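Coordinates from target32.txt are shown below (compact mmCIF, N, CA and C atoms and all ligand atoms).
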# COMPACT_ATOMS: atom_id res chain seq x y z
N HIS H 3 0.82 -1.21 0.00
CA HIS H 3 0.00 0.00 0.00
C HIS H 3 0.86 1.27 0.00
N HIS H 4 0.74 2.05 -1.07
CA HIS H 4 1.53 3.25 -1.22
C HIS H 4 0.68 4.48 -1.00
N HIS H 5 -0.57 4.25 -0.60
CA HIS H 5 -1.52 5.33 -0.51
C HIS H 5 -2.43 5.15 0.65
N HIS H 6 -2.94 6.29 1.09
CA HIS H 6 -3.95 6.32 2.12
C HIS H 6 -5.20 5.59 1.68
N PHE H 7 -6.12 5.48 2.61
CA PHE H 7 -7.32 4.73 2.36
C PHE H 7 -8.50 5.50 2.84
N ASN H 8 -8.46 6.82 2.69
CA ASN H 8 -9.68 7.58 2.87
C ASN H 8 -10.49 7.39 1.63
N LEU H 9 -11.70 6.89 1.82
CA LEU H 9 -12.56 6.59 0.70
C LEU H 9 -13.63 7.63 0.60
N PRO H 10 -14.07 7.91 -0.61
CA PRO H 10 -15.18 8.84 -0.76
C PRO H 10 -16.48 8.15 -0.43
N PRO H 11 -17.49 8.96 -0.12
CA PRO H 11 -18.81 8.46 0.21
C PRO H 11 -19.56 8.11 -1.06
N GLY H 12 -20.73 7.52 -0.91
CA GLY H 12 -21.54 7.25 -2.07
C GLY H 12 -21.23 5.87 -2.58
N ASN H 13 -21.67 5.60 -3.79
CA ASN H 13 -21.69 4.24 -4.27
C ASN H 13 -21.61 4.20 -5.77
N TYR H 14 -21.73 2.99 -6.29
CA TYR H 14 -21.53 2.77 -7.71
C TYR H 14 -22.81 2.40 -8.41
N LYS H 15 -23.93 2.55 -7.71
CA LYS H 15 -25.20 2.08 -8.24
C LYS H 15 -25.59 2.78 -9.54
N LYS H 16 -25.33 4.08 -9.60
CA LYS H 16 -25.71 4.87 -10.75
C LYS H 16 -24.48 5.39 -11.47
N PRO H 17 -24.61 5.66 -12.78
CA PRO H 17 -23.53 6.32 -13.50
C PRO H 17 -23.30 7.72 -12.95
N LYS H 18 -22.10 8.22 -13.20
CA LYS H 18 -21.70 9.52 -12.69
C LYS H 18 -21.01 10.31 -13.78
N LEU H 19 -20.92 11.61 -13.56
CA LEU H 19 -20.03 12.45 -14.31
C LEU H 19 -18.88 12.63 -13.36
N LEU H 20 -17.67 12.64 -13.88
CA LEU H 20 -16.54 12.96 -13.04
C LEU H 20 -16.10 14.34 -13.41
N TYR H 21 -16.43 15.27 -12.54
CA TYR H 21 -16.22 16.66 -12.82
C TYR H 21 -14.91 17.11 -12.24
N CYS H 22 -14.05 17.64 -13.08
CA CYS H 22 -12.77 18.11 -12.61
C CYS H 22 -12.85 19.60 -12.36
N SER H 23 -12.72 20.00 -11.10
CA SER H 23 -12.86 21.40 -10.74
C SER H 23 -11.75 22.27 -11.32
N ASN H 24 -10.65 21.65 -11.71
CA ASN H 24 -9.49 22.37 -12.21
C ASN H 24 -9.87 23.31 -13.35
N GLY H 25 -10.40 22.74 -14.42
CA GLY H 25 -10.88 23.53 -15.54
C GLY H 25 -12.39 23.47 -15.68
N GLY H 26 -13.05 22.70 -14.82
CA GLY H 26 -14.49 22.55 -14.90
C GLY H 26 -14.88 21.62 -16.03
N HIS H 27 -14.10 20.56 -16.20
CA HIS H 27 -14.40 19.58 -17.24
C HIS H 27 -14.92 18.30 -16.69
N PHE H 28 -15.84 17.71 -17.43
CA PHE H 28 -16.22 16.33 -17.20
C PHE H 28 -15.27 15.42 -17.91
N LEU H 29 -14.81 14.41 -17.19
CA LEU H 29 -13.98 13.38 -17.78
C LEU H 29 -14.73 12.71 -18.90
N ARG H 30 -14.06 12.59 -20.04
CA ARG H 30 -14.71 12.12 -21.24
C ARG H 30 -13.87 11.03 -21.87
N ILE H 31 -14.50 9.91 -22.17
CA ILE H 31 -13.84 8.87 -22.92
C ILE H 31 -14.45 8.84 -24.29
N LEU H 32 -13.71 9.37 -25.25
CA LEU H 32 -14.19 9.48 -26.62
C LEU H 32 -14.24 8.11 -27.27
N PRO H 33 -15.14 7.94 -28.26
CA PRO H 33 -15.29 6.66 -28.96
C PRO H 33 -13.97 6.14 -29.53
N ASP H 34 -13.07 7.04 -29.90
CA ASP H 34 -11.81 6.62 -30.51
C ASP H 34 -10.79 6.23 -29.45
N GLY H 35 -11.23 6.20 -28.19
CA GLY H 35 -10.38 5.77 -27.11
C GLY H 35 -9.55 6.87 -26.48
N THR H 36 -9.69 8.09 -26.97
CA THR H 36 -8.98 9.20 -26.36
C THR H 36 -9.76 9.66 -25.15
N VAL H 37 -9.04 10.28 -24.24
CA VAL H 37 -9.62 10.72 -22.98
C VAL H 37 -9.28 12.17 -22.79
N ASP H 38 -10.30 12.96 -22.48
CA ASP H 38 -10.05 14.36 -22.23
C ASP H 38 -11.16 14.83 -21.34
N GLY H 39 -11.34 16.13 -21.29
CA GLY H 39 -12.43 16.68 -20.52
C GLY H 39 -13.24 17.56 -21.43
N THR H 40 -14.53 17.66 -21.12
CA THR H 40 -15.35 18.64 -21.80
C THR H 40 -16.21 19.35 -20.79
N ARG H 41 -16.52 20.62 -21.05
CA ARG H 41 -17.43 21.32 -20.18
C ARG H 41 -18.86 21.08 -20.60
N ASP H 42 -19.04 20.35 -21.69
CA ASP H 42 -20.36 20.10 -22.23
C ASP H 42 -21.06 19.00 -21.45
N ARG H 43 -21.95 19.42 -20.57
CA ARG H 43 -22.74 18.54 -19.72
C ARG H 43 -23.58 17.54 -20.51
N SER H 44 -23.88 17.89 -21.76
CA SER H 44 -24.75 17.07 -22.59
C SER H 44 -23.95 16.07 -23.42
N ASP H 45 -22.63 16.10 -23.28
CA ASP H 45 -21.78 15.19 -24.03
C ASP H 45 -22.15 13.75 -23.69
N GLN H 46 -22.24 12.87 -24.68
CA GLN H 46 -22.70 11.52 -24.41
C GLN H 46 -21.57 10.63 -23.92
N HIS H 47 -20.37 11.18 -23.88
CA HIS H 47 -19.23 10.35 -23.52
C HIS H 47 -18.64 10.67 -22.18
N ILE H 48 -19.39 11.40 -21.38
CA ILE H 48 -18.94 11.74 -20.05
C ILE H 48 -19.70 10.97 -19.00
N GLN H 49 -20.68 10.17 -19.41
CA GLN H 49 -21.42 9.38 -18.45
C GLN H 49 -20.63 8.13 -18.13
N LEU H 50 -20.25 7.99 -16.87
CA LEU H 50 -19.34 6.93 -16.50
C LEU H 50 -19.96 6.04 -15.46
N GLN H 51 -19.84 4.75 -15.67
CA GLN H 51 -20.27 3.80 -14.69
C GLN H 51 -19.05 3.34 -13.95
N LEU H 52 -19.00 3.63 -12.67
CA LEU H 52 -17.91 3.11 -11.88
C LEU H 52 -18.35 1.82 -11.27
N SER H 53 -17.39 0.97 -11.00
CA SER H 53 -17.68 -0.28 -10.33
C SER H 53 -16.50 -0.64 -9.49
N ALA H 54 -16.75 -1.32 -8.40
CA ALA H 54 -15.68 -1.69 -7.51
C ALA H 54 -15.11 -3.02 -7.93
N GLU H 55 -13.79 -3.12 -7.85
CA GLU H 55 -13.15 -4.41 -7.82
C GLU H 55 -13.01 -4.70 -6.33
N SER H 56 -11.82 -4.52 -5.78
CA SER H 56 -11.69 -4.55 -4.34
C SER H 56 -12.16 -3.21 -3.78
N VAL H 57 -12.33 -3.13 -2.47
CA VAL H 57 -12.72 -1.88 -1.87
C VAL H 57 -11.70 -0.81 -2.22
N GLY H 58 -12.20 0.30 -2.72
CA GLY H 58 -11.34 1.40 -3.07
C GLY H 58 -10.72 1.25 -4.43
N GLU H 59 -11.02 0.16 -5.14
CA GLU H 59 -10.53 -0.02 -6.49
C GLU H 59 -11.70 0.12 -7.40
N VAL H 60 -11.53 0.84 -8.48
CA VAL H 60 -12.65 0.97 -9.39
C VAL H 60 -12.25 0.77 -10.81
N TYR H 61 -13.23 0.33 -11.58
CA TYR H 61 -13.24 0.52 -13.00
C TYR H 61 -14.08 1.72 -13.27
N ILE H 62 -13.77 2.41 -14.36
CA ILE H 62 -14.50 3.58 -14.77
C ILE H 62 -14.86 3.34 -16.21
N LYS H 63 -16.14 3.15 -16.48
CA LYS H 63 -16.55 2.68 -17.79
C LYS H 63 -17.46 3.68 -18.44
N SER H 64 -17.17 4.02 -19.68
CA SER H 64 -18.11 4.79 -20.47
C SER H 64 -19.41 4.04 -20.64
N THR H 65 -20.52 4.64 -20.22
CA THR H 65 -21.79 3.97 -20.44
C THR H 65 -22.13 3.96 -21.93
N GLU H 66 -21.64 4.96 -22.65
CA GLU H 66 -22.00 5.12 -24.04
C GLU H 66 -21.28 4.13 -24.93
N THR H 67 -20.00 3.89 -24.65
CA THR H 67 -19.18 3.08 -25.54
C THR H 67 -18.73 1.78 -24.91
N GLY H 68 -18.85 1.68 -23.59
CA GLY H 68 -18.41 0.49 -22.89
C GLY H 68 -16.92 0.50 -22.61
N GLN H 69 -16.23 1.54 -23.05
CA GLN H 69 -14.79 1.60 -22.85
C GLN H 69 -14.46 1.86 -21.41
N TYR H 70 -13.40 1.21 -20.96
CA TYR H 70 -12.89 1.39 -19.63
C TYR H 70 -11.81 2.43 -19.67
N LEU H 71 -11.87 3.35 -18.73
CA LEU H 71 -10.76 4.25 -18.55
C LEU H 71 -9.55 3.44 -18.17
N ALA H 72 -8.43 3.76 -18.79
CA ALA H 72 -7.22 3.06 -18.48
C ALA H 72 -6.06 4.00 -18.59
N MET H 73 -4.96 3.65 -17.95
CA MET H 73 -3.78 4.45 -18.09
C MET H 73 -2.69 3.54 -18.56
N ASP H 74 -2.07 3.90 -19.67
CA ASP H 74 -1.08 3.02 -20.25
C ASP H 74 0.27 3.19 -19.60
N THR H 75 1.23 2.46 -20.13
CA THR H 75 2.53 2.31 -19.53
C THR H 75 3.29 3.62 -19.51
N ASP H 76 2.90 4.52 -20.40
CA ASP H 76 3.53 5.82 -20.45
C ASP H 76 2.67 6.88 -19.83
N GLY H 77 1.66 6.45 -19.09
CA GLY H 77 0.88 7.38 -18.30
C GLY H 77 -0.24 8.04 -19.05
N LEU H 78 -0.53 7.59 -20.27
CA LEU H 78 -1.61 8.20 -21.02
C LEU H 78 -2.91 7.52 -20.73
N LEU H 79 -3.93 8.32 -20.46
CA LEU H 79 -5.25 7.79 -20.34
C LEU H 79 -5.78 7.37 -21.68
N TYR H 80 -6.50 6.26 -21.69
CA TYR H 80 -7.12 5.83 -22.91
C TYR H 80 -8.36 5.03 -22.57
N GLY H 81 -9.19 4.80 -23.58
CA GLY H 81 -10.36 3.97 -23.41
C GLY H 81 -10.02 2.58 -23.86
N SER H 82 -10.20 1.63 -22.96
CA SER H 82 -9.92 0.24 -23.26
C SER H 82 -11.21 -0.51 -23.52
N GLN H 83 -11.22 -1.33 -24.55
CA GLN H 83 -12.43 -2.09 -24.85
C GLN H 83 -12.71 -3.09 -23.75
N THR H 84 -11.66 -3.65 -23.18
CA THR H 84 -11.81 -4.66 -22.17
C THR H 84 -11.08 -4.24 -20.93
N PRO H 85 -11.56 -4.70 -19.78
CA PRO H 85 -10.91 -4.37 -18.53
C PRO H 85 -9.60 -5.12 -18.44
N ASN H 86 -8.56 -4.38 -18.13
CA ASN H 86 -7.27 -4.99 -17.92
C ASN H 86 -6.64 -4.33 -16.71
N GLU H 87 -5.39 -4.66 -16.42
CA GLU H 87 -4.79 -4.14 -15.21
C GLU H 87 -4.64 -2.64 -15.26
N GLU H 88 -4.67 -2.08 -16.46
CA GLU H 88 -4.48 -0.65 -16.62
C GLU H 88 -5.74 0.12 -16.35
N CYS H 89 -6.83 -0.60 -16.14
CA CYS H 89 -8.14 -0.02 -15.99
C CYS H 89 -8.54 0.15 -14.55
N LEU H 90 -7.73 -0.38 -13.64
CA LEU H 90 -8.07 -0.29 -12.23
C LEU H 90 -7.51 0.96 -11.62
N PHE H 91 -8.35 1.67 -10.90
CA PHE H 91 -7.91 2.88 -10.25
C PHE H 91 -8.22 2.82 -8.79
N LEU H 92 -7.36 3.42 -8.01
CA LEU H 92 -7.59 3.55 -6.59
C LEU H 92 -8.37 4.82 -6.42
N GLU H 93 -9.63 4.68 -6.04
CA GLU H 93 -10.50 5.80 -5.85
C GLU H 93 -10.41 6.25 -4.41
N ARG H 94 -10.00 7.49 -4.21
CA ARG H 94 -9.77 7.97 -2.86
C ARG H 94 -10.42 9.29 -2.66
N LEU H 95 -10.76 9.57 -1.42
CA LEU H 95 -11.16 10.90 -1.04
C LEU H 95 -9.92 11.75 -1.04
N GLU H 96 -10.05 13.01 -1.42
CA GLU H 96 -8.92 13.90 -1.35
C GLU H 96 -9.39 15.27 -0.88
N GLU H 97 -8.57 15.91 -0.07
CA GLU H 97 -8.88 17.20 0.53
C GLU H 97 -10.24 17.14 1.18
N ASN H 98 -10.52 15.98 1.76
CA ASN H 98 -11.76 15.76 2.48
C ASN H 98 -12.98 16.01 1.64
N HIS H 99 -12.87 15.86 0.33
CA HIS H 99 -13.98 16.29 -0.49
C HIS H 99 -14.04 15.63 -1.85
N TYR H 100 -12.91 15.66 -2.54
CA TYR H 100 -12.87 15.23 -3.92
C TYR H 100 -12.58 13.78 -4.02
N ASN H 101 -12.77 13.26 -5.22
CA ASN H 101 -12.29 11.95 -5.56
C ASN H 101 -11.05 12.08 -6.37
N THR H 102 -10.08 11.25 -6.07
CA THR H 102 -8.93 11.09 -6.93
C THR H 102 -8.88 9.65 -7.36
N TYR H 103 -8.18 9.45 -8.46
CA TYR H 103 -8.08 8.15 -9.08
C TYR H 103 -6.65 7.92 -9.41
N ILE H 104 -6.05 7.00 -8.68
CA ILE H 104 -4.68 6.64 -8.93
C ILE H 104 -4.64 5.35 -9.71
N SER H 105 -3.84 5.33 -10.76
CA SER H 105 -3.64 4.10 -11.48
C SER H 105 -3.17 3.02 -10.53
N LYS H 106 -3.92 1.93 -10.43
CA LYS H 106 -3.46 0.87 -9.57
C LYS H 106 -2.15 0.29 -10.07
N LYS H 107 -2.09 0.09 -11.38
CA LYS H 107 -0.89 -0.48 -12.00
C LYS H 107 0.33 0.35 -11.66
N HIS H 108 0.16 1.67 -11.62
CA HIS H 108 1.27 2.57 -11.40
C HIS H 108 1.14 3.31 -10.11
N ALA H 109 0.49 2.67 -9.15
CA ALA H 109 0.20 3.33 -7.89
C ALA H 109 1.46 3.77 -7.17
N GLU H 110 2.53 2.99 -7.29
CA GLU H 110 3.76 3.32 -6.61
C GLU H 110 4.42 4.56 -7.20
N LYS H 111 3.97 4.96 -8.38
CA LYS H 111 4.50 6.16 -9.02
C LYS H 111 3.56 7.34 -8.85
N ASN H 112 2.46 7.11 -8.15
CA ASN H 112 1.48 8.17 -7.90
C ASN H 112 1.01 8.79 -9.21
N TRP H 113 0.57 7.94 -10.12
CA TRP H 113 0.00 8.42 -11.36
C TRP H 113 -1.48 8.52 -11.20
N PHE H 114 -1.98 9.73 -11.39
CA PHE H 114 -3.38 10.03 -11.23
C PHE H 114 -4.06 10.24 -12.54
N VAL H 115 -5.37 10.02 -12.53
CA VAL H 115 -6.25 10.58 -13.53
C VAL H 115 -6.31 12.08 -13.28
N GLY H 116 -6.09 12.89 -14.30
CA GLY H 116 -6.14 14.32 -14.10
C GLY H 116 -6.50 15.02 -15.37
N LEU H 117 -7.19 16.14 -15.25
CA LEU H 117 -7.48 16.97 -16.40
C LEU H 117 -6.88 18.32 -16.20
N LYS H 118 -6.18 18.77 -17.22
CA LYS H 118 -5.65 20.11 -17.22
C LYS H 118 -6.76 21.14 -17.41
N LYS H 119 -6.39 22.39 -17.18
CA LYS H 119 -7.36 23.47 -17.30
C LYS H 119 -7.94 23.58 -18.70
N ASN H 120 -7.21 23.10 -19.70
CA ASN H 120 -7.72 23.18 -21.05
C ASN H 120 -8.47 21.92 -21.45
N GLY H 121 -8.64 21.02 -20.50
CA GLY H 121 -9.44 19.85 -20.75
C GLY H 121 -8.64 18.68 -21.25
N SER H 122 -7.35 18.87 -21.49
CA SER H 122 -6.54 17.75 -21.91
C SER H 122 -6.21 16.92 -20.69
N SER H 123 -6.08 15.62 -20.88
CA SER H 123 -5.75 14.81 -19.74
C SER H 123 -4.26 14.85 -19.44
N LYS H 124 -3.96 14.71 -18.17
CA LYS H 124 -2.59 14.69 -17.69
C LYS H 124 -1.98 13.36 -18.00
N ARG H 125 -0.69 13.38 -18.27
CA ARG H 125 0.03 12.14 -18.36
C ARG H 125 0.42 11.76 -16.95
N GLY H 126 0.33 10.48 -16.64
CA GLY H 126 0.57 9.99 -15.29
C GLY H 126 1.73 10.64 -14.55
N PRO H 127 2.93 10.60 -15.12
CA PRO H 127 4.10 11.16 -14.45
C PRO H 127 4.00 12.64 -14.18
N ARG H 128 3.09 13.33 -14.85
CA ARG H 128 2.93 14.76 -14.66
C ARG H 128 1.93 15.05 -13.57
N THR H 129 1.36 14.00 -13.00
CA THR H 129 0.44 14.21 -11.89
C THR H 129 1.15 13.95 -10.60
N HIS H 130 0.56 14.46 -9.53
CA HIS H 130 1.06 14.18 -8.21
C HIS H 130 0.06 14.71 -7.23
N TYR H 131 0.20 14.22 -6.02
CA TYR H 131 -0.56 14.74 -4.93
C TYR H 131 -0.41 16.24 -4.85
N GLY H 132 -1.51 16.90 -4.55
CA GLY H 132 -1.49 18.33 -4.33
C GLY H 132 -2.00 19.09 -5.52
N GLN H 133 -2.12 18.40 -6.64
CA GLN H 133 -2.59 19.05 -7.84
C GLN H 133 -4.08 19.30 -7.85
N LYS H 134 -4.47 20.28 -8.64
CA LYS H 134 -5.87 20.52 -8.90
C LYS H 134 -6.42 19.60 -9.98
N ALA H 135 -5.55 19.19 -10.91
CA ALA H 135 -6.02 18.41 -12.06
C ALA H 135 -6.58 17.08 -11.64
N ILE H 136 -6.16 16.59 -10.48
CA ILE H 136 -6.51 15.25 -10.08
C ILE H 136 -7.78 15.19 -9.28
N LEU H 137 -8.40 16.35 -9.04
CA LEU H 137 -9.51 16.39 -8.11
C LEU H 137 -10.82 16.35 -8.85
N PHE H 138 -11.56 15.29 -8.62
CA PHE H 138 -12.82 15.12 -9.27
C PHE H 138 -13.95 15.13 -8.30
N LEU H 139 -15.10 15.53 -8.80
CA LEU H 139 -16.32 15.42 -8.03
C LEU H 139 -17.26 14.58 -8.82
N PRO H 140 -17.75 13.50 -8.23
CA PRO H 140 -18.74 12.70 -8.94
C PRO H 140 -20.05 13.44 -8.94
N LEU H 141 -20.63 13.66 -10.11
CA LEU H 141 -21.93 14.31 -10.19
C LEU H 141 -22.93 13.34 -10.76
N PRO H 142 -24.18 13.45 -10.33
CA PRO H 142 -25.21 12.64 -10.99
C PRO H 142 -25.36 12.99 -12.46
N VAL H 143 -25.83 12.03 -13.25
CA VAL H 143 -26.01 12.24 -14.68
C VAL H 143 -27.40 12.82 -14.97
NA NA Z 201 -7.13 -2.63 -24.26

Just dump the structure as structure tokens.
Amino acid sequence: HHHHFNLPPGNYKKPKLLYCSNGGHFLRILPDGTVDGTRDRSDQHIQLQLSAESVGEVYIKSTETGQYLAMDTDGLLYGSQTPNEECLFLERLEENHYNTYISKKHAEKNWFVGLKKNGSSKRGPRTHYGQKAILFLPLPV
């Protein structure tokens, strides 16, 4: 365990939007497997179904395309057709409020899901604790 275990409240019963307060983007998994953020609440690719593997581990799945959020070996977020080790994230409470998502595969490197202010996703190595890009709020769809 390389990380704390403060867990966020709530559950996985319903799909969520993952809203990044940094730039005010919803995490988006595009059909072509690219991942970014959009401020467009009506975007069909921001509806995400999270599900638990182990406690505090999640898959994050596009409801629209079925793609799993994943982070590849070079820290790039992508949409995976099938769940693999790159698709597991450690979902944690952060700053007593937000959700963060650390790549389980790369947890020892503290690679987070993050969106920059311009809506582009962060590359894993460019993320770290303390950033704004990594802070998400799950919103109802
Ligand atoms: Na894949």

Requested in this report: Tell me which of H:129, H:123, H:86, H:105 sits closest to ligand NA 201 (chain Z), counting all atoms listed in the file.
Outcome: H:86

Requested in this report: Excluding region 14-20 of chain H and any residue of its chain fewer than 6 positions from it, enumerate the residues within 6.5 Å of it, using only N, CA and C atoms, and give them as a VMD selection string.
Outcome: chain H and resid 27 to 29 48 to 54 138 to 143

Kindly assemble as a tab-separated table a list of the chain H residues that lie within 7 Å of ligand NA 201 (chain Z), each paired with its nearest atom pair and their distance in Å to one decimal, using only C-alpha atoms and all ligand atoms, sorted first by chain and then by ascending residue number.
residue	atom	partner	partner_atom	distance
H:82	CA	Z:NA201	NA	4.1
H:83	CA	Z:NA201	NA	5.4
H:84	CA	Z:NA201	NA	5.5
H:86	CA	Z:NA201	NA	6.8

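Protein, DNA and RNA residues at most 5 Å from (-11.8, 9.6, -0.4), with all atoms listed in the file, are these: residues 8, 9, 10, 94, 95 and 96 of chain H.
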
Keeping only N, CA and C atoms, write the selected residues to a file as a PDB file, in the coordinates of the input.
ATOM      1  N   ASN H   8      -8.460   6.820   2.690  1.00  0.00           N
ATOM      2  CA  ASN H   8      -9.680   7.580   2.870  1.00  0.00           C
ATOM      3  C   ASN H   8     -10.490   7.390   1.630  1.00  0.00           C
ATOM      4  N   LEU H   9     -11.700   6.890   1.820  1.00  0.00           N
ATOM      5  CA  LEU H   9     -12.560   6.590   0.700  1.00  0.00           C
ATOM      6  C   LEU H   9     -13.630   7.630   0.600  1.00  0.00           C
ATOM      7  N   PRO H  10     -14.070   7.910  -0.610  1.00  0.00           N
ATOM      8  CA  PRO H  10     -15.180   8.840  -0.760  1.00  0.00           C
ATOM      9  C   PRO H  10     -16.480   8.150  -0.430  1.00  0.00           C
ATOM     10  N   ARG H  94     -10.000   7.490  -4.210  1.00  0.00           N
ATOM     11  CA  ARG H  94      -9.770   7.970  -2.860  1.00  0.00           C
ATOM     12  C   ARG H  94     -10.420   9.290  -2.660  1.00  0.00           C
ATOM     13  N   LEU H  95     -10.760   9.570  -1.420  1.00  0.00           N
ATOM     14  CA  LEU H  95     -11.160  10.900  -1.040  1.00  0.00           C
ATOM     15  C   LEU H  95      -9.920  11.750  -1.040  1.00  0.00           C
ATOM     16  N   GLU H  96     -10.050  13.010  -1.420  1.00  0.00           N
ATOM     17  CA  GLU H  96      -8.920  13.900  -1.350  1.00  0.00           C
ATOM     18  C   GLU H  96      -9.390  15.270  -0.880  1.00  0.00           C
TER      19      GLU H  96
END

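We find atom N of residue 106 (chain H) and CA of residue 21 (chain H) to be spaced 19.3 Å apart.
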
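In this model, the gap between CA of residue 75 (chain H) and CA of residue 63 (chain H) comes to 19.2 Å.
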
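The residue that comes closest to residue 7 (chain H), out of H:61, H:81, H:93, H:137 and on the basis of all atoms listed in the file, is H:93.
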
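What separates atom N of residue 108 (chain H) from atom C of residue 31 (chain H) is a distance of 20.6 Å.
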
Report task. Go ahead and find all residues with at least one atom no further than 10 Å from (-10.7, 6.9, -30.0) in the file's coordinates, using only C-alpha atoms; report them as number ranges by chain. Result -> H: 31-37, 69, 80-82

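The protein and nucleic acid residues lying at most 8 Å from residue 91 (chain H) are residues 55, 58, 59, 60, 61, 62, 71, 72, 102, 103, 104, 105, 106, 107 and 115 of chain H, with all atoms listed in the file considered and sequence neighbours fewer than 6 positions away removed.
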
Query raised in the report: What's the 8 Å shell around residue 121 (chain H), counting all atoms listed in the file, without same-chain residues fewer than 5 positions away, as an NGL selection string?
Result: :H and (24-28 or 37-41 or 116)

Could those residues be written to a file, using N, CA and C atoms, as an mmCIF file, in the frame of the given file?
data_model
loop_
_atom_site.group_PDB
_atom_site.id
_atom_site.type_symbol
_atom_site.label_atom_id
_atom_site.label_comp_id
_atom_site.auth_asym_id
_atom_site.auth_seq_id
_atom_site.Cartn_x
_atom_site.Cartn_y
_atom_site.Cartn_z
ATOM 1 N N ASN H 24 -10.650 21.650 -11.710
ATOM 2 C CA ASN H 24 -9.490 22.370 -12.210
ATOM 3 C C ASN H 24 -9.870 23.310 -13.350
ATOM 4 N N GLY H 25 -10.400 22.740 -14.420
ATOM 5 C CA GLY H 25 -10.880 23.530 -15.540
ATOM 6 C C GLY H 25 -12.390 23.470 -15.680
ATOM 7 N N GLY H 26 -13.050 22.700 -14.820
ATOM 8 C CA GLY H 26 -14.490 22.550 -14.900
ATOM 9 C C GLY H 26 -14.880 21.620 -16.030
ATOM 10 N N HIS H 27 -14.100 20.560 -16.200
ATOM 11 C CA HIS H 27 -14.400 19.580 -17.240
ATOM 12 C C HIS H 27 -14.920 18.300 -16.690
ATOM 13 N N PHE H 28 -15.840 17.710 -17.430
ATOM 14 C CA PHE H 28 -16.220 16.330 -17.200
ATOM 15 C C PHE H 28 -15.270 15.420 -17.910
ATOM 16 N N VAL H 37 -9.040 10.280 -24.240
ATOM 17 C CA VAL H 37 -9.620 10.720 -22.980
ATOM 18 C C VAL H 37 -9.280 12.170 -22.790
ATOM 19 N N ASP H 38 -10.300 12.960 -22.480
ATOM 20 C CA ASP H 38 -10.050 14.360 -22.230
ATOM 21 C C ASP H 38 -11.160 14.830 -21.340
ATOM 22 N N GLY H 39 -11.340 16.130 -21.290
ATOM 23 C CA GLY H 39 -12.430 16.680 -20.520
ATOM 24 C C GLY H 39 -13.240 17.560 -21.430
ATOM 25 N N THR H 40 -14.530 17.660 -21.120
ATOM 26 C CA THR H 40 -15.350 18.640 -21.800
ATOM 27 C C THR H 40 -16.210 19.350 -20.790
ATOM 28 N N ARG H 41 -16.520 20.620 -21.050
ATOM 29 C CA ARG H 41 -17.430 21.320 -20.180
ATOM 30 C C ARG H 41 -18.860 21.080 -20.600
ATOM 31 N N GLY H 116 -6.090 12.890 -14.300
ATOM 32 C CA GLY H 116 -6.140 14.320 -14.100
ATOM 33 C C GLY H 116 -6.500 15.020 -15.370
#

Query raised in the report: Hey, what does DSSP flag as strand (DSSP E or B) within chain H? Can you give it to me as a ChimeraX atom specification?
Result: /H:18-22,27-31,37-40,50-54,59-64,70-73,79-82,91-96,100-105,114,117,122-123,138-142

Padding 8 Å on each side, edges along x, y and z: where is the centre of the box around the listed atoms of region 8-15 of chain H, and how long are its edges in Å to one decimal? Output it as AutoDock Vina command-line options.
--center_x -17.0 --center_y 5.5 --center_z -3.3 --size_x 33.1 --size_y 22.9 --size_z 28.4
